[PDB]
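The chain below stands alone, shown as structure tokens; this is the form deposited in one PDB entry.
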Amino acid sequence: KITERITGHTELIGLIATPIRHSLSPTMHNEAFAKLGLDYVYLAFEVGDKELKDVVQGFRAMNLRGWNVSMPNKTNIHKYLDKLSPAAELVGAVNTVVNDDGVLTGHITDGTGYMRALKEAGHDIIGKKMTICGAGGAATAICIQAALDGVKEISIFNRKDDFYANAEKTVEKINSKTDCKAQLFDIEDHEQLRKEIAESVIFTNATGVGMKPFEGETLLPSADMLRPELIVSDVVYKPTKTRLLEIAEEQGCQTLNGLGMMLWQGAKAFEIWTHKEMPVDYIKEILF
């Protein structure tokens, strides 16, 4: 007569970030575990700077197989891990940890997730030019992966905030370690932005503009910077159409929000922990 699948044999996969309780990640992974008959459950914990160290040490002692990491912990957690994948070390951010016999390896799946979503949607940018806004965890993961996957040129735009120096490092990494050509400009350099967009096959927002507390706002100065043939992409998926995507759709452009990136960054994390492919079509149908 027992109907709860969770017993004393059930193992835990975590998610540590704050705020985080409205995340769709637990639903995604729990539905995937249930579909494949795997005895795991995925839970979120509200963890910030003050809690991170103790939580990781606790997870080691609890022998957790792995967990995801989100804001504000992606760029700090490496300190508490043992090894980093090549991409996590290049990016300087971790969103996924796996525990192999007590050895914690940090991985980053946001970039690979973004690129897979483009590919699955039919958008080929390999050997071509991208203009992207942002220089935080998401943008850095995307820029590095785009370069590793063979995108030809990347023009990065960011405001002159604390992340601008990070973008400068990203430019140096891309130019020295890959065959991709990268440059950085101020987002307020509107004439350069117009030129870079014109010369690109895709324009991507990888900032929080367009998502609360910037819903209805955009970093795009004019709709006339977007020709109909341009692909316009946003990492944001709540709302499902940012102001940027709305303006692009009105101009006749193909658009893509962040739902695919969310699915694929999760699919990759799932496979790292379980060595099984996430049933993506099934999960997409029920959740995205």
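For the two forms, the rigid core is made up of the largest set of C-alpha atoms that agree within 1.5 Å on superposition. Start at 1 and count along the sequence shown; that's the residue number.
Not pictured, yet referred to below: the form deposited in another entry.
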Completion exercise
Across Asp124, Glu172, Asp161, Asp82, the single C-alpha shifting 2 angstroms or more between this form and the one not shown with the core held fixed is at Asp82
Practice task
Could you tell me whether the Cα atom of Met62 shifts by at least 2 Å between this form and the one not shown after core superposition?
Solution key: yes
Problem - Core-aligned C-alpha movement of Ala17 between this form and the one not shown reaching 2 Å - result: yes
Practice task
Indicate whether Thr207 shows a C-alpha shift of 2 Å or more between this form and the one not shown, with the rigid core used for the fit.
Solution key: no
